[PDB]
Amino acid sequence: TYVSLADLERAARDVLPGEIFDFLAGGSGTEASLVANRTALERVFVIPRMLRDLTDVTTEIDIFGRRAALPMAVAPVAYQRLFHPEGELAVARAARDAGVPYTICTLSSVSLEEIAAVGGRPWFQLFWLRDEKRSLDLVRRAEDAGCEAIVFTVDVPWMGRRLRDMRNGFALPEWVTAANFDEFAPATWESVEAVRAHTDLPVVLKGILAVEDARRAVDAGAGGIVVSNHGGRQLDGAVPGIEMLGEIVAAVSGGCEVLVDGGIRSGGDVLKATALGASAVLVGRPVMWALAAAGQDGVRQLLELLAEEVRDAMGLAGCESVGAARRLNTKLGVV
């Protein structure tokens, strides 16, 4: 029985081959941004409210036209068969059962149509390809398969310098492939417009950190943004999303959904993100720890733990709803 997300990391480190654990855990360069994602969350303290009605505490949100059970989605993580033989299908099944959206990756190790067939609330994460038509075809495939949002990753003109992967000489095992294919181009604002024109689905720009890029995303017709430094895996020295979140929320002024990711490791961290103004969070590495440790059941247990932690934190902070949690104030401390 896992009582924190840290129990799952320990379990995953035991089972996974070192080089695969490093592919999962690592960041770019000196891992400054990877560490800062945690530092930033640890500096935030919540000012809870007391004596409020908690007779019907609900962790639900509405996002992109549908109810979610928590203010949380599974982040896009490439090549999930690296962590467990059932890969993306195990994670998607658990997410569906927990009422949490699951983000299907462009670089999924099971085809997007197979993962979408699991049901639930699939979103689709897009990388822009050298061959543009390939990009727009993926978008159409995702929409045809019932994906509900296009999460366009905008912080990967190319992959960052992952020194753990370089030192390990890491390569995909022959048994893991990019199953949507039978190569990156940098995305631009023109690419965003091409995607927006090609789909009725909300387009969510993932990897926004500058306030003016958040404003421009709204002007460009984005339905959402994810304020994110890609888990510290892209620019080493990029500011944590959590540090830009409040300023971004103020600047977009309700014009789109504002999600955040990077270092969410508890329901308390979800509360902090919400209190700083996030609509919802993405969670990456912990979901893969659970997958590695115990497959679908592991992911189920993680999501049940997170759900309990979110409920606990919200109620202790005097919040009967996620909207109330967004109205909490915070104070920076020292750790």
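Here, rigid core means the biggest group of C-alpha atoms that superpose within 1.5 Å across both forms. Residue numbers here begin at 1 and follow the sequence given.
A.B. asks: Rigid core fitted first, then name the stretch among 126-134 and 236-244 whose C-alphas deviate most from the displayed form in 7 other deposited structures of this protein.
C.D. replies: Between the two stretches, 126-134 moves farther in 7 other deposited structures of this protein.
A.B. asks: Which of these two stretches, 184-192 or 207-215, has the larger RMS Cα offset in 7 other deposited structures of this protein when the rigid core is kept aligned?
C.D. replies: Farther from the shown form on average in 7 other deposited structures of this protein: 184-192.
A.B. asks: Please classify the coordinate gap between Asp200 and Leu201 in terms of deposited residues: none, 1 to 3, 4 to 9, or 10 or more.
C.D. replies: The entry leaves nothing out here.
A.B. asks: With reference to the PDB entry, specify whether the mean Cα temperature factor is higher for 301-309 or for 265-273.
C.D. replies: So the stretch with the higher mean C-alpha B-factor is 301-309.
A.B. asks: Between 133-141 and 226-234, point out the one with the higher average CA B-factor as the PDB entry records it.
C.D. replies: Per the deposited B-factors, the answer is 133-141.
A.B. asks: Out of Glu114, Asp155, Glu257, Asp165, whose C-alpha atom has the biggest B factor in the entry?
C.D. replies: Comparing C-alpha B-factors across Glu114, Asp155, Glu257, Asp165, the maximum falls on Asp165.
A.B. asks: Quick one: which of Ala94, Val252, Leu172, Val239 shows the highest Cα temperature factor in the PDB entry?
C.D. replies: Highest C-alpha B-factor among the listed options: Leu172.
A.B. asks: Name the third of the chain's ranked CA B-factors that contains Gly99, choosing lowest, middle or highest.
C.D. replies: For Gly99, whose C-alpha B-factor we compare with every modelled residue in the chain, the answer is the middle third.
A.B. asks: Is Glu148 in the lowest, middle or highest third of its chain when residues are ranked by C-alpha B-factor?
C.D. replies: For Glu148, whose C-alpha B-factor we compare with every modelled residue in the chain, the answer is the highest third.
A.B. asks: Considering every modelled residue of the chain and its Cα B-factor in the PDB entry, is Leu332 in the lowest, middle or highest third?
C.D. replies: Tercile = middle for this residue's CA B-factor.
A.B. asks: Based on the deposited C-alpha B factors for this chain, I'd like to know if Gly284 is in the lowest, middle or highest third.
C.D. replies: Its C-alpha B-factor, which the entry lists for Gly284, ranks in the lowest third among residues of this chain.
A.B. asks: In terms of the CA temperature factor given in the entry, to which third of its chain does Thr55 belong: lowest, middle or highest?
C.D. replies: Ranked within chain, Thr55 CA B lands in the highest tercile.
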